[PDB]
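Starting off, we have a lone chain in the form deposited in one PDB entry, written out as structure tokens.
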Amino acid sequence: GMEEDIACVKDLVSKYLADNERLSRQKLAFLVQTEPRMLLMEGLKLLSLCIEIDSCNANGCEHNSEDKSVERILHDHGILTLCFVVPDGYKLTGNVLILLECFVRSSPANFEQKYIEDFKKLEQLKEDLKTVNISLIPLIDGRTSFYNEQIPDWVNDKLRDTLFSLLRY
């Protein structure tokens, strides 16, 4: 039944999530929840974090775990100045700034809407960064699947099914 399923996915997440200090905060934020809404939010957040870490590694970027805005990222490299943007990942090499946006969407309509949003968001930054002699390389890692390197696919499936079941409530 529903209660046994939730306990079981919590156990699976607990056992089989890749031991990674970078997931422990969000892992716990998921495990402590009782209410269906919170279990969605935090479970979906946990999956998104797994994808962000993967996407940064794949693309040679630093994961933005401290939620730094672009403006702050530059201030930290002594560069002086923007639209508020908190990238999923980044790399600054001299005057070349790589920004990474990644996401997951299941339906093509949603995927496109989110792709357009992330694209325009980064394009708007490009013109403003020019004024401080920063070249922007914008990268969008748009995914249709939640599968990732932080959790076995079979665990992933059980988690999303249980989460879909919580949409009942």
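Just so we're on the same page, rigid core means the largest C-alpha set that superposes within 1.5 Å between forms. Heads up: residue numbers just count along the shown sequence, starting at 1.
Asker: Missing residues between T81 and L82 in the deposited sequence, please: none, 1 to 3, 4 to 9, or 10 or more.
Answerer: The entry has a short gap there, with 1 to 3 residues left out between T81 and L82.
Asker: Please work out which of 104-112 and 22-30 has the higher mean CA B-factor as recorded in the PDB entry.
Answerer: Comparing averages over the C-alpha atoms only gives 104-112.
Asker: Mind pulling up the entry and telling me whether 122-130 or 45-53 has the higher mean Cα temperature factor?
Answerer: According to the entry, 122-130 carries the higher average C-alpha B-factor.
Asker: Would you mind checking where the Cα B-factor of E4 ranks among the modelled residues of its chain, as the lowest, middle or highest third?
Answerer: For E4, the deposited C-alpha B-factor lands in the highest third.
Asker: Quick check for you: using the entry's CA B-factors within this chain, is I151 in the lowest, middle or highest third?
Answerer: Lowest third - that is where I151 ends up once the chain's C-alpha B-factors are sorted.
Asker: Quick check on the deposited entry: does the C-alpha B-factor of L99 sit in the lowest, middle or highest third of its chain?
Answerer: For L99, the deposited C-alpha B-factor lands in the middle third.
Asker: For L39, does the deposited CA B-factor place it in the lowest, middle or highest third of the chain?
Answerer: Its C-alpha B-factor, which the entry lists for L39, ranks in the lowest third among residues of this chain.
Asker: When the deposited Cα B-factors of this chain's modelled residues are ordered and cut into thirds, is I140 in the lowest, the middle or the highest one?
Answerer: For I140, whose C-alpha B-factor we compare with every modelled residue in the chain, the answer is the lowest third.
Keep in mind that the form deposited in another entry is missing from the display, and what follows is about it.
Asker: Which of the listed residues (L44, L136, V104, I140) moves its Cα by 2 Å or more between the shown form and the other one when the core is kept in place?
Answerer: After core superposition, the one over threshold is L44.
Asker: Would you say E35 moves its Cα by 2 Å or more between the shown form and the other one, aligning on the core?
Answerer: It does shift by 2 Å or more.
Asker: Aligning on the rigid core, do we see the C-alpha of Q26 shift 2 angstroms or more between the shown form and the other one?
Answerer: Yes, the C-alpha moves 2 Å or more.
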